[PDB]
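Numbering (UniProt numbering), first residue to last: 1 to 43. Below: one structure, written as structure tokens.
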């Protein structure tokens, strides 16, 4: 994992959203509170 709880709080590089699964990205699956985004989230 790159980020979030799974990685002990690591933040993603390049302002990327940390998904509920602990991976970094920029689409709704990573960024939406409806998908339990962990950091650098939208809304």
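Even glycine gets a Cβ: it sits at the ideal position worked out from N, Cα and C.
Along the alpha helix (DSSP H) that carries residue i, what are the first and last residues, could you check?
i          : result
residue 41 : Counting along the chain, residue 41 falls outside any alpha helix (DSSP H), and DSSP gives it neither H nor E.
residue 28 : 28-31
Considering only DSSP beta bridges, list what residue i is partnered with.
i          : result
residue 25 : 17
residue 4  : 10
Within the same chain, show all residues whose beta-carbon is closer than 8 angstroms to that of residue i, passing over the 5 residues directly before and after it, in chain order.
i          : result
residue 29 : 19, 35
residue 33 : 41, 42, 43
Can you round the beta-carbon distance between residue i and residue j to whole angstroms, since I take them to be within the 8 angstroms contact cut?
i          : j          : result
residue 24 : residue 31 : 10 angstroms between Cβ atoms; not a contact.
Determine whether the beta carbon atoms of residue i and residue j lie at a separation below 7 angstroms.
i          : j          : result
residue 26 : residue 16 : yes
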